[PDB]
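Residue numbers (the entry's author numbering), protein chains in the order written: chain L, 1 to 83, 89 to 150; chain T, 1 to 119; chain O, 1 to 115; chain C, 1 to 246. A short worksheet on the structure shown next.
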Amino acid sequence: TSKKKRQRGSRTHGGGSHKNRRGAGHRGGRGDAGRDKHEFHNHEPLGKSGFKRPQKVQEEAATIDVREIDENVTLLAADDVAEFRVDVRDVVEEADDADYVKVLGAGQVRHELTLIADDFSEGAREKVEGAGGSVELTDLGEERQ
Amino acid sequence: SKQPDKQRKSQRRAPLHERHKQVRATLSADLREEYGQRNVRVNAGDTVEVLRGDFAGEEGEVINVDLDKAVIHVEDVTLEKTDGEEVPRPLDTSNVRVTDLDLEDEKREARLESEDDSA
Amino acid sequence: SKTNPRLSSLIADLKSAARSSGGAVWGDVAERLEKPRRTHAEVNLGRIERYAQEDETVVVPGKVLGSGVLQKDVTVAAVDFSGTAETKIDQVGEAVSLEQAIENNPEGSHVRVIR
Amino acid sequence: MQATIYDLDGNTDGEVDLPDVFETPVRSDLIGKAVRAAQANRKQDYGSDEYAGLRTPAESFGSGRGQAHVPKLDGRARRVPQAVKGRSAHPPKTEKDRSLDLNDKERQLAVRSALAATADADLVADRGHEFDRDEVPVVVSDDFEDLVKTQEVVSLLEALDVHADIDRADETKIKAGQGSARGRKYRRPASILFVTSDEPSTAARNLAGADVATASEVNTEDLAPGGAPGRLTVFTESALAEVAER
RNA sequence: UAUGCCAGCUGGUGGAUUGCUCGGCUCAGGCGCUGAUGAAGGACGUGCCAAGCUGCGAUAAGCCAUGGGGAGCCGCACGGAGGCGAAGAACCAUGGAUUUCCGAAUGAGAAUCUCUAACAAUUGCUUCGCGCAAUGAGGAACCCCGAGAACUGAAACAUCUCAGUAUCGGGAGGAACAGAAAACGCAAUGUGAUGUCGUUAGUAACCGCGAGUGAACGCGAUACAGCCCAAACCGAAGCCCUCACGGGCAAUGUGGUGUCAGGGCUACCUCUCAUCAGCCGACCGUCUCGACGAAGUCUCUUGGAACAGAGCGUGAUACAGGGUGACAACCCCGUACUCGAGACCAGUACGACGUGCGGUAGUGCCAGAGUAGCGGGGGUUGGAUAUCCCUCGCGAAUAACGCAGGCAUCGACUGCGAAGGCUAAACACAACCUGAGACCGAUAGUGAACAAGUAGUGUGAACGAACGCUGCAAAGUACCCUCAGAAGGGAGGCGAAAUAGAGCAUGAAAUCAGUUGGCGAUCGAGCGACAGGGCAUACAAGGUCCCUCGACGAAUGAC
RNA sequence: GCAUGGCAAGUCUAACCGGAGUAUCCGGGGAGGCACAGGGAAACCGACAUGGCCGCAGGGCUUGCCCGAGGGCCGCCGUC
Ligand SMILES: [Cl-]
Ligand SMILES: [Cl-]
Ligand SMILES: [Cl-]
Ligand SMILES: [Mg+2]
Ligand SMILES: [Mg+2]
Ligand SMILES: [Mg+2]
Ligand SMILES: [Mg+2]
Ligand SMILES: [Mg+2]
Ligand SMILES: [Mg+2]
Ligand SMILES: [Mg+2]
Ligand SMILES: [Mg+2]
Ligand SMILES: [Mg+2]
Ligand SMILES: [Mg+2]
Ligand SMILES: [Mg+2]
Ligand SMILES: [Mg+2]
Ligand SMILES: [Mg+2]
Ligand SMILES: [Mg+2]
Ligand SMILES: [Mg+2]
Ligand code: NA
Ligand code: NA
Ligand code: NA
Ligand code: NA
Ligand code: NA
Ligand code: NA
Ligand code: NA
Ligand code: NA
Ligand code: NA
Ligand code: NA
Ligand code: NA
Ligand code: NA
Ligand code: NA
Ligand code: NA
Ligand code: NA
Ligand code: NA
Ligand code: NA
Ligand code: NA
Ligand code: NA
Ligand code: NA
Ligand code: NA
Numbered sequence: 001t002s003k004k005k006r007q008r009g010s011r012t013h014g015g016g017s018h019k020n021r022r023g024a025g026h027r028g029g030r031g032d033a034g035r036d037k038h039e040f041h042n043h044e045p046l047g048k049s050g051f052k053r054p055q056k057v058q059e060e061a062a063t064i065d066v067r068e069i070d071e072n073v074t075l076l077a078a079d080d081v082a083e089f090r091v092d093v094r095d096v097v098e099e100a101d102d103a104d105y106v107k108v109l110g111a112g113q114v115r116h117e118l119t120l121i122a123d124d125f126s127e128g129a130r131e132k133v134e135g136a137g138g139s140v141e142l143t144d145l146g147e148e149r150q
Numbered sequence: 001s002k003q004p005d006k007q008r009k010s011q012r013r014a015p016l017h018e019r020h021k022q023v024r025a026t027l028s029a030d031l032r033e034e035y036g037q038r039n040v041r042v043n044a045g046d047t048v049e050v051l052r053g054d055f056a057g058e059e060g061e062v063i064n065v066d067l068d069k070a071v072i073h074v075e076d077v078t079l080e081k082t083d084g085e086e087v088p089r090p091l092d093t094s095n096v097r098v099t100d101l102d103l104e105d106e107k108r109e110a111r112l113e114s115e116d117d118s119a
Numbered sequence: 001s002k003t004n005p006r007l008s009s010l011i012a013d014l015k016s017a018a019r020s021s022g023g024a025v026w027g028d029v030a031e032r033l034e035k036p037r038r039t040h041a042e043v044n045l046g047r048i049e050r051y052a053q054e055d056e057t058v059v060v061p062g063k064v065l066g067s068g069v070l071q072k073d074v075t076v077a078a079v080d081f082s083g084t085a086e087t088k089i090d091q092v093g094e095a096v097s098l099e100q101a102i103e104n105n106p107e108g109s110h111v112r113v114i115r
Numbered sequence: 001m002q003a004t005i006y007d008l009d010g011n012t013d014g015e016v017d018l019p020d021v022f023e024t025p026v027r028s029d030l031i032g033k034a035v036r037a038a039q040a041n042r043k044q045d046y047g048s049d050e051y052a053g054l055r056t057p058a059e060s061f062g063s064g065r066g067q068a069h070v071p072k073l074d075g076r077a078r079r080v081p082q083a084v085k086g087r088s089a090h091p092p093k094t095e096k097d098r099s100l101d102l103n104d105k106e107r108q109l110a111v112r113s114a115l116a117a118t119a120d121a122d123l124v125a126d127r128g129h130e131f132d133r134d135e136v137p138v139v140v141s142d143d144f145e146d147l148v149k150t151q152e153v154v155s156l157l158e159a160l161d162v163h164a165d166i167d168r169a170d171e172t173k174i175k176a177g178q179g180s181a182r183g184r185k186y187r188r189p190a191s192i193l194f195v196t197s198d199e200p201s202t203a204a205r206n207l208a209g210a211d212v213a214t215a216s217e218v219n220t221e222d223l224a225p226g227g228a229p230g231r232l233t234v235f236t237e238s239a240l241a242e243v244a245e246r
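Here it is in structure tokens:
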């Protein structure tokens, strides 16, 4: 049996004094009324903050951590094996509708990896090279200057 | 229409010619054999036997057929009024069986015999 | 009130073993399974690798998921395994249903609880 | 496991491997959920007239005449919920979503599970079905799909000691309550489900309480009427095979 | 024991309850315009007897033809008298005849009548004559174009919000509107008419930057369709009325060409399968209607009646639903299967006829102005500098030019040609037909299951109910008595039942009459709860209870 | 938020399409949403698959001693 189902006979249905559940006054106003007066509490302060750049001037990066790549190298049999070599663009989902593919340096790299991507973080490079690997920047990646 | 209200309605409000089907009774075996039909529209000439009411067992000539009320009067199937006058006790064709047909109508017999049409 | 008849049965088995045999992990696991599903365990392989050890059955009072790598040749016992988890485990060790571990080890010995 | 095929005379004719799905753990809770969803999804939207009881300029006289402040017109109370001929306070509504969602995986799992419940003679008898057989489901040859007369399908069932279930379903119940006034006067026990592969058995369909389905689209409902697992079914050699990849 | 209290019994009052459903409510599919050839709506008529309703219209519940249908019939409506139908009536479908007065109401006037040939009025054509035509008004909502609140929210309130909502004016169709880029702007080596659905997203944008408000490009789907002028160059080669004759229009340009795969012109190549005009003209499907259509009406028992129980038997491509004197696959209508017709799809698709697609070079010949654009003032929008619109003023170019790409100017780049036009399908609504339902079941559900927008109220705008159920069959109570009596009553008759006897199934409570039990004219008021007594009680559905004595015997505990 | 259930580094389809037993139902449909990294107005940059210590449950051992998920205390890392 639910709470609603036990209300018949209670009279007030849990509202306390029958003088309680009336109109908007019981809520201190309609909607967000008095968000900086009587009900200021737990409301973010009033005002403007910052600015926005036009949607069509914004670039959305396709990102992936080395940990992801490294953890699935064996499972990625459909990709090149060498002295493993992988073109990140073919790994990261949502890579088509993105402005570019960037690799980030989170986690470890327990394999000699040769990664090709449009972008790489300083940490991604270091970690890959520290495991006897190489970072190949795409022709699109030739924007670094 | 599978809905009971629509069923009963179409029966009570069916036009006159569509009411002929409401006055149909089962044909005897000999007649079924002879005409290739299980039942027929009871006519005022036919002879029938009562299979269900208080008059079940009795037989007689169909004196009348009412299409509006979908009911028939069979000879000797009566009720004695208070004054003593015997009057017809209406019957539903469903509680009745045709044991002889009045074939004076050319058209009736025609349809009764043709395998492609029913009577 | 659990709704899954299989879970109910499992929980009853766990109890029966905990009481009959000298096992105390089964009755412990049973108490977690009776608790709300949200509190149950959701462990990915990366953790089983970090804390398990050979000849010590890893007992998960919940479900195992396939994120991360497992190299240790360990026997993992859980309520359920994601299709990937079960596949990745049988590759280097063995994935077992809690119902089996109750029959193979009613004493609940040499077992490590992981969540 | 193994399933024994039967010819149109009721005699064995070899056998095939009972597909794996029939080994799926019976999960009545999930089956019940799939049937509930199925039944709810075919329910029609209803609701009283938006304006019923509101078509009046009735007003309250207020204080002064020893009467309660109730809107009235021509000295007759109206509109308000407590008034005869007044609006229904919280009536049924057309806008209400009377459907139920169910994950494909969850629903498929229930189909497989109900399918599996078919291969359990004990479940089947428990569900209420009446038969004198031992093995189940009742597997038959593809030539069943060629039968035409219902009477033929009867003899075959009588041969398979499974016809008793139809004597069970050969009794309509005249329900209690007003459903009667809406065309739901009758009800009858569910009997044998006939699954074929090309087209539903036109021959068996009219059998008292029987249902006819096809392997490609047979569902939780026909497999488990009313969410109850274990329906006395009869598959077609090909149906059995086709039902495996479901 | 008066007046009287509590409870019951018999009868009543009342109309709840239960059962029933000819009505509703809601969803879904189909379908969809009518009217000066006088609609819709209204009035008044019309029947043997006719008040209401329905129908119909002085040919008046109807006349004719064809088709179907069939032995019956004369609407609801079951009387009395009479009549019709085998010369094929009734009844159904299609088509036609008739079709009063008012009514857009149109000769003129007028509360449905009247006065002396009439498109009144406004228009187009015009033989300049009302000669040929158009418009007007209705319709459930939907649709398009204009006018445009306030309560309210902001806990006050003015911008904001309610809301471009309510309401008002004008108008189209079966659908409207929109629509083949002076587009988009995931900026591209990209997309490619328009609606609509899903999403993008409560995102961008707006806002006493408060409350609140709020897109689009794109994407996935639905359905897909693309064309014609103006001008250049031609220049009467042309169009409309009329059978013809003949008349009218048209140089202030009819007609050819042509329309960004720019075109024209000049010189060439090649060619048509584009496009445009006209002819033909469906299948399938869908919606509705119709034909045909299997098998028990066997035994026994109960009953007023088997559709019940028991026994025996049958059909099923048919065990949906309904009817029938009680629970029916096999008694009757139907239902599965098969078949036929109509309507919509659609004058569409396919087909064919005619036309001719396209390409090169040259050519500053052509290409829509109060426009693009700027400024003042307003409205509107998310549109912010960057929405759409109105108003006042100002105001350009000519493709070698112009516009756009979310502030202005110049340059580049990319897209694209405004100020002319048309356009199938996919979407809305629900009048209309049909289907459906975990909806309501007569105080419910529509206001309306009934005379329902009825009775009735208001000068009027407008407002607006209540009323469902005899029985299997009327067998609806003959005869006699009483009475002022077709009243009523008594006796009596019918039926299983009249306590089914007419607003008649069942028949609660409040409550009334008579009556039984208890109390009662010396006595006190939340009417009772728990204890214990009196009196009262057919059975049934409860069967315990009393005293001697004895066994057991907690706390407590004596004379 | 919570209880139950499915799947799980993923998960779910929407309109819509086909089938069919034709509003149910079977199969397609991942457009898009949320999750998978955060920080910063923005430009722009971009993290612990575990380094230490306590220690509950549980396990281990020759019965106080080890191992101790989760949890708690730190370290360290991205960014402003
Ligand atoms: Cl920004
Ligand atoms: Cl984990
Ligand atoms: Cl695009
Ligand atoms: Mg995507
Ligand atoms: Mg015949
Ligand atoms: Mg009401
Ligand atoms: Mg009831
Ligand atoms: Mg006049
Ligand atoms: Mg206010
Ligand atoms: Mg304020
Ligand atoms: Mg607004
Ligand atoms: Mg846009
Ligand atoms: Mg032309
Ligand atoms: Mg505004
Ligand atoms: Mg009513
Ligand atoms: Mg007045
Ligand atoms: Mg009565
Ligand atoms: Mg006294
Ligand atoms: Na409360
Ligand atoms: Na209250
Ligand atoms: Na408030
Ligand atoms: Na009204
Ligand atoms: Na009063
Ligand atoms: Na709904
Ligand atoms: Na229509
Ligand atoms: Na009359
Ligand atoms: Na007429
Ligand atoms: Na005219
Ligand atoms: Na004239
Ligand atoms: Na306020
Ligand atoms: Na005020
Ligand atoms: Na504002
Ligand atoms: Na895209
Ligand atoms: Na009968
Ligand atoms: Na202006
Ligand atoms: Na542009
Ligand atoms: Na009533
Ligand atoms: Na007493
Ligand atoms: Na997706």
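Even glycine gets a Cβ: it sits at the ideal position worked out from N, Cα and C.
Spatially closest choice to residue i from the options, by CA coordinates
i	options	result
residue 3 of chain C	C:170, C:237, C:245 and C:243	C:237
residue 14 of chain O	O:97, O:105, O:26 and O:76	O:26
residue 90 of chain O	O:51, O:113 and O:77	O:77
residue 105 of chain L	L:115, L:92 and L:111	L:92
residue 118 of chain C	C:234, C:239 and C:241	C:234
residue 12 of chain T	T:71, T:86 and T:50	T:71
residue 96 of chain O	O:54, O:58 and O:6	O:58
residue 16 of chain T	T:60, T:65 and T:44	T:65
residue 110 of chain C	C:39, C:28 and C:187	C:28
Residue range of the alpha helix (DSSP H) that includes residue i
i	result
residue 100 of chain O	98-104
residue 97 of chain T	Unbroken run through residue 97 of chain T is the beta strand (DSSP E), 96-100; no alpha helix (DSSP H).
Assigned exposure category for residue i - 16 Cβ within 10 Å defines buried
i	result
residue 81 of chain L	exposed
residue 107 of chain L	buried
residue 225 of chain C	buried
residue 12 of chain C	exposed
residue 129 of chain C	buried
residue 92 of chain C	exposed
Contacts around residue i, its chain only, beta-carbon distance under 7 Å, and the 5 residues preceding and following it disregarded
i	result
residue 100 of chain T	46 and 47
residue 156 of chain C	8 and 10
Endpoints, beta strand (DSSP E) assigned at residue i
i	result
residue 39 of chain T	39-41
residue 138 of chain C	138-140
Neighbourhood of residue i by C-beta, 6 Å cutoff - its chain only, sequence neighbours within 5 removed
i	result
residue 21 of chain O	106 and 107
residue 127 of chain C	228 and 230
Checklist line | Contact residues within the stretch 76-88 of chain O, judged by C-beta distance below 8 Å to chain C | finding: Under the 8 Å Cβ criterion, the stretch 76-88 of chain O contributes no residue.
Notebook entry, point to check: Using Cβ-Cβ distances below 8 Å, what residues of the stretch 6-28 of chain T are close to chain C?
Noted result: If the cut-off is 8 Å between Cβ atoms, the stretch 6-28 of chain T has nothing near chain C.
Check: What residues in the stretch 26-50 of chain O have a beta carbon less than 8 Å from any beta carbon of chain C?
Finding: Sequence-ordered contacts of the stretch 26-50 of chain O with chain C are nonexistent [C-beta pairs closer than 8 Å].
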